[PDB]
Amino acid sequence: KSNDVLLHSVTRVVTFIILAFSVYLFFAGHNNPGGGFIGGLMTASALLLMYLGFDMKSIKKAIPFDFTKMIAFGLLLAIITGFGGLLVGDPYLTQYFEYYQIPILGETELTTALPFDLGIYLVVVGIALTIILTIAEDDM
Amino acid sequence: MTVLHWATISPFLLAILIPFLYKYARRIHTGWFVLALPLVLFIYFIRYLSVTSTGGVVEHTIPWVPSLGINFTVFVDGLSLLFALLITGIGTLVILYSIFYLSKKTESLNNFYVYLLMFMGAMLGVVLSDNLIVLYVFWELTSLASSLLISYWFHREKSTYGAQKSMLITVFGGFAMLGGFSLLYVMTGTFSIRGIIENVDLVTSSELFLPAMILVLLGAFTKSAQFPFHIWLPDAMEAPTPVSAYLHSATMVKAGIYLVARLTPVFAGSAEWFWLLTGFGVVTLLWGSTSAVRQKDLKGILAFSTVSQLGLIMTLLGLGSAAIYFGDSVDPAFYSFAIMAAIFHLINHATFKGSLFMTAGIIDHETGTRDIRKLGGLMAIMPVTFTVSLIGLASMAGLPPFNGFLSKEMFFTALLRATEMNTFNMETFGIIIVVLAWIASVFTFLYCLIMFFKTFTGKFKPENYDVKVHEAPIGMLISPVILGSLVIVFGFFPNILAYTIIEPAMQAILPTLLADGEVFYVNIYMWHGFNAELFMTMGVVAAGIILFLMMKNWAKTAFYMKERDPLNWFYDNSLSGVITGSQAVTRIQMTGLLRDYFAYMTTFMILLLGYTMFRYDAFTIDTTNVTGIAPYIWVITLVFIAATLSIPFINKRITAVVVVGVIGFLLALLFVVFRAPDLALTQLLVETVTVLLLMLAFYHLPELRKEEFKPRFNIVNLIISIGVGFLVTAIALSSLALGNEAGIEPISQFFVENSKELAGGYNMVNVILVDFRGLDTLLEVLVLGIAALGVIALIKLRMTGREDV
Amino acid sequence: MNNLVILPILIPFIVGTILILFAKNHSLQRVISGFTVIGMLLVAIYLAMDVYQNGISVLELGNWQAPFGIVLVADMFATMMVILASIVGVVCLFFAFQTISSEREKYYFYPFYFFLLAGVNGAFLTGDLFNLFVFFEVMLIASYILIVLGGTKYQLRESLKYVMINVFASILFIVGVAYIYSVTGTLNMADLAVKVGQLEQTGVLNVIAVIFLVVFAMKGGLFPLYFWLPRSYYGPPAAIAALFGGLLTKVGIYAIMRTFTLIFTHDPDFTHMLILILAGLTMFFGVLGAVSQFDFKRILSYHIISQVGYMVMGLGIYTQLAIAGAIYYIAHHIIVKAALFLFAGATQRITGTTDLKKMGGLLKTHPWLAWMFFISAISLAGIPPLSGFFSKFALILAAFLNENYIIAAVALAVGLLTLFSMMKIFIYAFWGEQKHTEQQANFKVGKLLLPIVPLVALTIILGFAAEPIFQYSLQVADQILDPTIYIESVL
Amino acid sequence: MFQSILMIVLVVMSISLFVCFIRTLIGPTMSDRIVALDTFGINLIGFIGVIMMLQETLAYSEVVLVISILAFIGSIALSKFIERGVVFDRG
Amino acid sequence: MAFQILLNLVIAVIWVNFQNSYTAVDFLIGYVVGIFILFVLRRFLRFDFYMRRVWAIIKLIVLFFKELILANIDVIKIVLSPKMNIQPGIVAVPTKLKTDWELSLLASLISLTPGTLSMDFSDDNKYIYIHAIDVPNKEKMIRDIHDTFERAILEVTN
Amino acid sequence: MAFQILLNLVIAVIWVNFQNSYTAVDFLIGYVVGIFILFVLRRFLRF
Amino acid sequence: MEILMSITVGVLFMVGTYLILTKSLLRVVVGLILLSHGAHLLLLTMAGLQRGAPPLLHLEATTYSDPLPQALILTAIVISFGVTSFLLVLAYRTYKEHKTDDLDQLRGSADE
Amino acid sequence: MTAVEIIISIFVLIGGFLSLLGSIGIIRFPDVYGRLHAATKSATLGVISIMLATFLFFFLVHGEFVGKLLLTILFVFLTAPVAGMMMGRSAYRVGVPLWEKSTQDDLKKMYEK
């Protein structure tokens, strides 16, 4: 009933760009604006724009994530990361970082803050999509 | 824990075993197992006569909660021994009677004997406690066990009405008494009564002396049914009769008399003690004797009788307190006489009144009625019941040669001595007491003639009664005949009691009156010649007989038509009123309207923050230590304020969402001007998802409306809104200024120093979130996760309310 | 280290999350939930013994020292609140196993139950004021769903008011933290206590004390800030009303106690007098609400308001004896008030109703329920020698020793009104002729009563064994009435 | 002088936001309001670009890119709401 | 086009090793010879040489910008005129462009060009509905769509 | 497939500047990020 | 500037309070969203505004704006998002069941 | 003022002027369809011109190639036409009328079927 040729064309290009930008925002958090919350909301915005631009049945086949398990796994990833210090006799939620050397890449900083912030990120995407999709599909 | 401790609480231990005995030994009436305990505690206590009657006392203590000064101390003296023998002696006899009055087939003996042993152990605990808080603990368990017994037939409305009325009046008094006992501690440092009596000067010097006395007498006068708290006692007659005999005539109604006699050495010696005891006593004496005359159920008459006679004993304790005022300016014998009469009358009373409840019970049991209008002629049909009844009613009327004549003659003696007192305003009021007491003695005699002639004389009318009428079984008769026998024995041989029982109890009540090893003289005898007190008694007899012969006349009066006490209207209306008033006060708060709730809360906040800002002079502004406003911030801020003020005037929801967006975008712009890039980002992303959500909700919600401007409603709303805004700003400005004066280095200079070195990042906000304050971040995603799982539950689970409970 | 301090938060948090993965499996959900509440209780008891023997245990999360990092502080007061939440957590869950529909199990009932408990324990244990806000939000959002779950029409209209009012109180908390941050530049409760005392609680620091009082008074249920409570608690199933009745207002009461014994202590002529007045008004208006009602579960909901009044009465008096009375009162109220809602649940199972005018005669059919209700109900009313008596008596005695006569009198009169209210439930529902059917007379409730038995036992034991409980309360009162003990532990 | 020009342009940008906001209030139609809203958000990117030159910082370069994305998601959703009353099709 | 770009990068990748530079400017020298390599071999292979299309695109980007500047000049005249002198309307304009990405390019160019705004597409996609600010001059607009805008799209298209 | 490889390099072009590292570490992160994006969108974009 | 922002907070509190005292469900939810905005703007203003660079240490500035409030506000915004979501769904589920958005009609039985 | 500052100045003064023009146009055009001309064209070039100035400023004055600013230019170009189309077509479908003095409406026919 509506010719959406232009909305569907643009939504396909911008989604690529928003997702890439959401991953950058997630990894940049430690040293620049971004992190789990901002990255997660930005990623959620990309999936929402796909739902807005197209329709629920098509986009649910296309991106068939279980957003509820992503909440539970998000939370457990973030809790577990916090037990790191119990290995080295340190209080819960002690965070660690070292500059390792990898030949392939180069000097690289590893941090427990990355998996911790990945857990935050998964919950944030999971809850945004669970909330918005549960309402949008509320028949009754 | 001595044996004397164990005896004291032994009835609670047997109460735990009673339900098993009933279950697994039903063959036997459970009372046979209960009877042994009061019977061995009687014999046990009888062994202390050797110590009390030689001037001794026995005291033992074990700490219970010594951090609050509460110790379980048992104390045996003359006063306490006397009440322990009544409680266990008459207890024995009432259990025996209850074995033949309650059939084991349809009666819940388990409930009955548990409540009754609860009471019995609570009553011993009251009279043997030296610690006032342990006495409070047992005093409230008697009120509890008492109401459980009044309610024993809990399916009947009268039973439940009486159980409530007793519990409320007596616990009201008990709560006040606890306040009284706490004031004694504040004066003396001890809840020990024997130690309070040692420090009695710290009591009588104190500004808390009279409040402590009133609060204590509130407890005593509720439990001993002194006017106007006596209204619970007639309504307690719904109990099974053994209970009326034991609790409500012979023991628990004498707990207030016990407490007043026990604390006479703290409080006596003053006009207020004298008058509170003597006046409340004499009104109760007169009110109860007059009310009894119009009662038409045997137990009604006997309940008002007991009220009356408790008022007689309370008046003697009141008259006797003058011994302490005079000390040794007078012969100790003189005013101590009233205290000897009080003790003697309490004993007598327990014998005739316990016996008369037991015969009223037999008459109900064997005729089906207790209504003096339907009884008549039972002298020949029920001759043992007739004889015990005759003896009790003659003793109660103070006819010789029974125990009650001696005590009533000692009462008239005490009263006439008090008229000689020439202190306490007795020069004026002495004869009023004597006359009011004399009138009450005439009404006592008359209610005893009414009960005797209407019940036992005339012609036996076999058709009034459903059942054929016969005397009671011997088992039922033993308890009233043993009590009736003591009426006679103490009448002829009163001095069995004189140095065994009565004199030691006098020493407990007047301990400073005599040197150690000095005994009071106690010689009780029937004939003292033609003195005033004999004429007063002849008086009472004549007046009583005249008024009885004139009853044809006054029975048609409006006074005789009613029987319910006129103070009951108060009780009843006050209760309906607590409920009505409660409901009115509660409805004005809990209106159901969310606006009222926010307006009450915000109004309270404005008044309290407003008052605190004025009281501490905290309205202030610091215009120097502020940063600059670029000219473009004046315009941004004006838009932000205009957008915000437009919201209450919008009436279409899509406009509302758009202007909320504007506001959201502008708050992100301020976060950029204020150097908060991670906030700008977050604020923008949250605002976007909130706009999708508002529209997903708008599919379900209706459109906005212009709601009409009720003048009062919306001007109050406006004034509250401005007052919240104004106070948030004023307190913001005052906090800025104190913060600037103070100059405390913020703790966040540590994050400036150590974010990169100790936590490896350059973004201080992210480092705080995941490292220095990472727990908050982990808790905040848990908030989101709960909100998401909550949204699923709220949309998908729809229950009717009949599924679970 | 002191990593034991975080176990009362982390067990329910971890198990809660794991139970979301097992939403379909109901048997496995119950077994995990059951072991978990029992181990919370043994962890809580072990933490309390440790702190009792070895002093305040402070845990610095992330290994950052206070005031830079979030600390958790297990002192004797916090560890008592952690045990009491654990007892009612166990009992209300074993009662939920016998009563809730399997439909609620499908929608995250058990994870929400454990996230509520984590939130409550974090609130007791945190030494940081913004971390207290966040733990209050975890508690509150888990209560927002538990109170409405089922979405009956009543639940939706009342839950809706509960959530709006609570959202508003959470905003005022943020406002308060804004102003105290401006003055002091710290969020750590110890560091706050030091800096507020350096500033002498001057000027606007009084106004800020009052904003914290109001915020915590709204979460505690003090007058006139309780309107959210009485209608809302009616809606959820008895196991949840018991847990809400017993525990959730205590988190606001604990915060008022912690804040006005540690931080705002410099002008008690003002602040603690204001708390005494709101105490007295809360006792009084609470109990009038209770007296006005003729529905078992609605009467108990107003008694919550009344009884918290007594706990702030001891903080208002502000002596060692009054404080120790309040600490004992808190233990007594959690236990008794959770038992009472559990008895109203079992009464509704038997009769189908909570309306007293439709009930009667349960004493004849269900004596075990009747006598357990009666004992809990006279404990609530202060009848000795149960827990209720001793705890009331410590408060009035402290009031008389300090010459606070009016609040002593209000606390006695309110006791009598409470007795009147509990005797109305007994007269109407347990005494009387049997108003329930024959099938209802033969319903066996012992499986529902067994979980409540320990709470009944504890009101008796806390009465008889009052001397060790009262000596513990005195030591708590000593610890908290000297801010420098907590301060030196943390800084 | 360069900084003087940046201040003048920030004032003009502020006035532009003011003028867009007027149509978000007065409409007349809902379409008019969502157009003004869309233009308000685009103008915010201008305002931030110039704030970045005045403060001489790239801390805000992610903000301009987010605003462009969000102003777009906002307009598409409000346009569909107005026309159909559903943000998401199929559901 | 994607084949050739990838090939070219492979040629540069290898070439920079051979030329011992992982330095940047060498990648360009390398890529350029990859271009000449591909250009020389385009006849040898079957290649529509990719740089013709890359140039077509650069010129389309330039046109997007040129038309936007002109569009704003048109708007300035109208908005700063004492009286709005506009005669607006909706015109259906035919298109030959068949693909979705070409239609999307055209609809976007129309809306950035002077006087016009893409409203809607027919169902069959054979018409683009255009809101025009001056309908009298519609013949110029229809001529520009046909002879400038669709000509420039089809160079990048085919 | 040539399309997807260039997309992935286009993602890495979009990526590399943001970090401004111009190291092997960041370009390898960048090329991989695009693999993950392309995988997530494989069905959307019918790759 | 802390003065002007303290006044702007005043105005969000005043309107947000006015809206929560109305009878419309939607207007109450909006009032609650404005009060949150105010509280968050208050927490930033109370820390001091425009006091140095954005808090990014690689900018090697002399003074940074205070980062601790910025992290508090982030948390508060994120919580508030969670709660507002839950509240909007609770509001619409309430409207659907009662067929009214007027809070006067949601009073319930008196002396319930 | 340096020659770089002059070039950057021109771009910021154009960008700020076209932004204002776009807004004045949202006020002065007679219906939502003409107001979309201003929104889609002026707001768009205005913001493109400021992002160029910002881009040229960090490059020519700080030597930083900030490619996010260019990605913002690209998002604005991609998005501006489609947004104006979805806002104008939504208006037309919802019944917002063309201006009274409008003289042609080919789209009315189509929406007749």
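As presented, residues are numbered from 1 along each chain according to the written sequence, a scheme that may differ from that of the entry, and residues lacking coordinates are left out. As a convention, the first chain written is A and the first ligand written is 1, with the rest following in written order. The side-chain quantities take in all heavy atoms of the structure and omit both hydrogens and water.

- Per the deposited record, cryo-EM is how this structure was determined, to a resolution of 2.24 Å.

- The PDB entry annotates chain D as Na(+)/H(+) antiporter subunit F of Alkalihalophilus pseudofirmus.
- Recorded in the entry header as its title is "Structure of Bacillus pseudofirmus Mrp antiporter complex, monomer".

- As named in the PDB entry, chain C is Na+/H+ antiporter subunit D, taken from Alkalihalophilus pseudofirmus.

Concerning the nonpolar core
Right, on to step 1. Think of a nonpolar core as a cluster: buried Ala, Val, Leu, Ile, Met, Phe, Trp, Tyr and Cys residues, connected wherever their side-chain atoms sit within 4.5 Å. Buried residues are those whose accessible area, probed at 1.4 Å on protein chains only, stays under 20% of the maximum for their type, while exposed residues exceed 50% and partly exposed ones sit between those limits. In this structure, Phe45 of chain B together with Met313 of chain C are the most contacted members of the largest nonpolar core, which totals 823 residues.
Right, on to step 2. Here a strand is any run of E in DSSP of at least two residues, a helix any run of H or I of at least four, and the numbering for each starts at the N terminus. No other element matches the 22 residues that helix 13 (residues 320-351) of chain C contributes to this core.
Right, on to step 3. Dropping the residues within four chain positions of it, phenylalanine 45 of chain B is found in contact with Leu4, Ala7, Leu81, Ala84, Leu85, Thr88, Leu124 and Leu128 of chain B.
Right, on to step 4. Counting nine residues, the second-largest nonpolar core is a separate cluster that includes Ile5, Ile35, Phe47 and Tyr50 of chain E. Two residues qualify as a contact provided that any one of their heavy atoms is within 4.5 Å of a heavy atom in the partner residue.

With respect to the pairing of strand 2 (residues 70-76) of chain B
Residue and element names in this part refer to chain B.
Right, on to step 1. By the criterion of burial, strand 2 is predominantly enclosed, with six of the seven residues buried.
Right, on to step 2. Bridge analysis of strand 1 (residues 58-65) against strand 2 gives seven bridges, and the strand direction is antiparallel. Across the sheet, the residue bridging to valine 58 is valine 76, located in strand 2.
Right, on to step 3. The turn linking strand 1 back onto strand 2 is made up of four residues, and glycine 69 within it adopts a positive phi angle of 70°. A pair of strands is treated as paired once DSSP finds two or more bridges between them.

Remarks on the pattern of salt bridges
Right, on to step 1. What counts as a salt bridge is simple: a side-chain nitrogen of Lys or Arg found within 4 Å of a carboxyl oxygen of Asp or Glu. Per the stated rule, a full pass over the model turns up 40 salt bridges over all chains.
Right, on to step 2. As a salt-bridge pair, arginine 258 of chain C and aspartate 75 of chain C come within 2.9 Å of each other at their nearest N and O atoms. Here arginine 258 of chain C is found in helix 10 (residues 238-262), whereas its partner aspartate 75 of chain C is found in the loop between strand 2 (71-74) and helix 3 (76-99), with 183 residues between them in sequence. Of the two residues, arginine 258 of chain C and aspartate 75 of chain C, neither departs from the other in class, the shared state being buried.
Right, on to step 3. Note that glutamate 112 of chain G is salt-bridged to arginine 157 of chain C, the shortest N-O span being 3.0 Å. Note that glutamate 112 of chain G is positioned in the segment after helix 3 (67-98) and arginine 157 of chain C in helix 7 (residues 153-184), a pairing that runs across two chains.
Right, on to step 4. Through salt bridges that share partners, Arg157, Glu158, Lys161 and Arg231 of chain C together with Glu112 of chain G make up one connected network.

Details of the sheet that holds strand 1 (residues 89-94) of chain E
Right, on to step 1. Taken together, three strands build an open sheet; the order of strands is 1-3-2 (chain E) and the sheet is antiparallel. Across the chains shown, the open sheet's two edge strands, defined by having one partner strand only, are strand 1 and strand 2 (116-121) of chain E. Neighbour to neighbour, the strand axes of the sheet diverge by 35° on average, direction disregarded.
Right, on to step 2. Where strand 2 of chain E and strand 3 (residues 127-132) of chain E come together, five bridges link them in antiparallel fashion. Its bridge partner lying in strand 3 of chain E, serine 118 of chain E is registered against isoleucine 130 of chain E.
Right, on to step 3. Angles run from 0 to 180 degrees between N-to-C directions of axes, and those axes are lines fitted to C-alpha atoms, restricted for helices to the stretch in contact. Contacts from helix 2 (residues 32-62) of chain H reach strand 2 and strand 3 of chain E within the one sheet, and its direction differs from that of strand 2 of chain E by about 110°.
Right, on to step 4. Running over the sheet, helix 3 (residues 67-94) of chain H touches strand 1 and strand 2 of chain E and is turned about 65° from strand 2 of chain E.

Structural notes on the interface of chain F and chain E
Right, on to step 1. Each partner contributes to the interface: chain F provides five residues, whereas chain E provides five residues.
Right, on to step 2. The term buried area refers to how much accessible surface (probe radius 1.4 Å) is lost by two components on association, counted for both of them together. Across the chain F/chain E interface, buried area totals approximately 370 Å², and carbon plus sulfur atoms make up 95% of it.
Right, on to step 3. There are zero salt bridges connecting chain F and chain E.
Right, on to step 4. Counted as a polar contact is a pair of N or O atoms within 3.5 Å, where, for protein atoms, one must be capable of donating a hydrogen and the other of accepting one, and residues adjacent in sequence contribute only when both atoms are in side chains. For the pair chain F and chain E, the number of links is zero residue pairs in polar contact.

A closer look at the interface of chain B and chain C
Right, on to step 1. Residue-level contacts link 105 residues of chain B with 124 residues of chain C.
Right, on to step 2. Put simply, chain B and chain C have two salt bridges between them.
Right, on to step 3. Of the charged contacts, one joins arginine 773 of chain B and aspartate 128 of chain C as a salt bridge, the two residues approaching to 2.9 Å between their closest N and O atoms.
Right, on to step 4. The tally of links from chain B across to chain C stands at 17 residue pairs in polar contact.
Right, on to step 5. Sorting elements by how many residues they give to the side of chain B that touches chain C places helix 34 (residues 774-796) of chain B first, with 15 residues.
Right, on to step 6. Here the residues of the side of chain B that touches chain C sort into 71 nonpolar, 23 polar and 11 charged. Three classes are used: nonpolar for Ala, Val, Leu, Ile, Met, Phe, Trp, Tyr, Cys and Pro, charged for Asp, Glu, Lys and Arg, and polar for all others, with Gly counted as polar.

Thoughts on helix 17 (residues 405-430) of chain C
Residue and element names in this part refer to chain C.
Right, on to step 1. Multiplying 1.5 Å by the residue count of a helix minus one yields the expected span of that helix. Counted at 1.5 Å a residue, the expected span for helix 17 with its 26 residues is 38 Å, and the 37 Å between its end C-alpha atoms agrees.
Right, on to step 2. Burial analysis of helix 17 places 19 of its 26 residues in the buried class, which makes it a mostly covered element.
Right, on to step 3. Just downstream of helix 17 lies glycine 432, where phi reads positive at about 95°.

Here we look at the side chain of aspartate 90 of chain A
Right, on to step 1. Residue placement: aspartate 90 of chain A occurs in the loop between helix 5 (84-87) and strand 1 (97-101).
Right, on to step 2. Once you skip the residues sitting within four places of it in the chain, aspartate 90 of chain A turns out to touch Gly85 and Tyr96 of chain A together with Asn3 and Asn63 of chain C.

Notes on the environment of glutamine 295 of chain B
Residues and elements named next belong to chain B.
Right, on to step 1. Structurally, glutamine 295 is set in the loop between helix 14 (271-293) and helix 15 (298-320).
Right, on to step 2. A relative accessible area of 6% means that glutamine 295 is categorised as buried.
Right, on to step 3. In the structure, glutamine 295 is positioned 84 residues away from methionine 379 in sequence and 21 Å away in space, judged by C-alpha atoms.
Right, on to step 4. Dropping the residues within four chain positions of it, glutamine 295 is found in contact with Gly300, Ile301, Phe304, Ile372 and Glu563.

Describing the packing of helix 7 (residues 157-188) of chain B against helix 13 (residues 255-267) of chain B
Residues and elements named next belong to chain B.
Right, on to step 1. Closest axis-to-axis distance for the helix 7/helix 13 pair is 14 Å, and the angle between their directions is 30°. Taken together, the axes of helix 7 and helix 13 lie roughly parallel to each other. The handedness of the crossing between helix 7 and helix 13 is left-handed. Between helix 7 and helix 13, the residues in contact are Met177, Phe181 and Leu184 and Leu259, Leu263, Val266 and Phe267, respectively.
Right, on to step 2. In terms of residue class, the contact of helix 7 with helix 13 is made up of seven nonpolar, no polar and no charged. Just so you know how the angles are binned, under 35 degrees is roughly parallel, over 145 roughly antiparallel, 65 to 115 roughly perpendicular, and the rest oblique. Left-handed describes a crossing whose near helix is turned anticlockwise from the far helix by less than a right angle; the clockwise case is right-handed.

Notes on the side chain of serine 232 of chain C
Right, on to step 1. Topologically, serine 232 of chain C is positioned in the loop between helix 9 (204-220) and helix 10.
Right, on to step 2. Setting aside residues no more than four positions away along its own chain, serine 232 of chain C makes contact with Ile147, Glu158 and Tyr162 of chain C.

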